[PDB]
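**Student:**
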Amino acid sequence: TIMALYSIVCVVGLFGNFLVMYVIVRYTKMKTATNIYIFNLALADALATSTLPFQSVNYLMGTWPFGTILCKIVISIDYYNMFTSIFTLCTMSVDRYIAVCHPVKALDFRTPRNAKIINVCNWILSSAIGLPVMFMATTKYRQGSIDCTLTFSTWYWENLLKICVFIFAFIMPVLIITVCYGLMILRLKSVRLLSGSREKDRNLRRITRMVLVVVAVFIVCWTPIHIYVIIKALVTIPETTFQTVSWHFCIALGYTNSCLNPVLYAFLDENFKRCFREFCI
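Per our numbering, residue -2 is the first one in the sequence shown, and the count goes up by one each step.
(1) With DSSP run on the structure shown, which of helix, strand or coil describes residue 315?
(2) Would you check if there are 3 or more beta carbon pairs closer than 8 angstroms linking the segment 81 to 101 to the segment 168 to 188?
(3) Considering only DSSP beta bridges, list what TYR138 is partnered with.
(4) Evaluate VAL117 with the Cβ neighbour count: other Cβ atoms within 10 Å of its Cβ, from every protein chain shown; 16 or more gives buried, anything less gives exposed.
(5) In whole angstroms, what separates the C-alpha of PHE167 from that of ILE173?
(6) On the criterion of 16 or more Cβ atoms from any shown chain inside 10 Å, does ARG110 qualify as buried, or is it exposed?
(7) Just the Cα atoms here: how many angstroms apart are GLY251 and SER124?
(8) Which whole runs of the alpha helix (DSSP H) in the segment 18 to 64 are 4 residues long or more, in chain order?
(9) Could you compute how far the alpha carbon of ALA43 sits from the alpha carbon of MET89?
(10) Quick check on the DSSP output: the alpha helix (DSSP H) that includes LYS159 runs from which residue to which?
(11) With 16 as the cutoff for other CB atoms within 10 Å, does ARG93 come out buried or exposed?
(12) Using alpha carbons as the reference points, say which of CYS161, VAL260, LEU265, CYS272 lies closest to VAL6.
(13) Counting pairs of beta carbons, one from the segment 146 to 164 and one from the segment 223 to 236, are three or more of them closer than 8 angstroms?
(14) What's the gap between the Cα of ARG199 and the Cα of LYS186?
(15) On a CA-only basis, which of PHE273, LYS28, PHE215 is nearest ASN258? Give me that one, please.
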């Protein structure tokens, strides 16, 4: 039955993203700074959800049939998503911060053309974890069924990769986002008019609320899996059926976040809400 649930979320995951991805390009009215980052976020989620049928098929076969390079690319996508999503959210939070606190500087510093380079900078930065993880990935003939796993030079590297990913992928971006929004709330809850007009302050507050909701959903969804990985790699918990089902539920909950964003944009943003029905009309 758990296989059906994965099928439901995956189909919605790809269904939401490409429709969102097409929309941002197919209308000049959505070329603002935030949609550039939304494009990257949707791209990352769509790539992360592309490998779901490949991985899930291995339940009933237990043998990787596709090839070693495809296992390499799947592991690479999985390891990319965790970095790219969080770094994109951090960049979004920083962008909203400069928009709120420094509107005069943001007038010249937030152009979309120069905000496009932030995406490739994010990809380059995540590439440092993408390629080595991609590098060691290659199929190895197990004790009777082909297993797509990793290899090292292991008591050192298997722990080193985990501590590095936990430190440089979760805690620092979470702290940066928290500080940014702590400044944002202080700025918002004291000034009555930001841009000097009633037609801009409302839109700015609405867009900041949307960013906050997306960030909170992402944090809630992705929190359990990192803690579970750390505790599993530290304490060496004795195996149990309940432990197995909890560990699998954590991964499922982590993956389900990729399909929520295209729907979460529908009930918070007016442009996307109207233009979804515009296609349907």
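Positions of the beta carbon are idealized from the N, C-alpha and C atoms, including for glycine.
**Tutor:** If we stick to the structure as given:
(1) With the chain covering -2 to 278 only, the question about residue 315 has no answer from this structure.
(2) yes
(3) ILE143
(4) exposed
(5) 10 angstroms
(6) exposed
(7) 22 angstroms
(8) 30 to 47, 49 to 54
(9) 19 angstroms
(10) 154 to 163
(11) buried
(12) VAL260
(13) yes
(14) 14 angstroms
(15) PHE215
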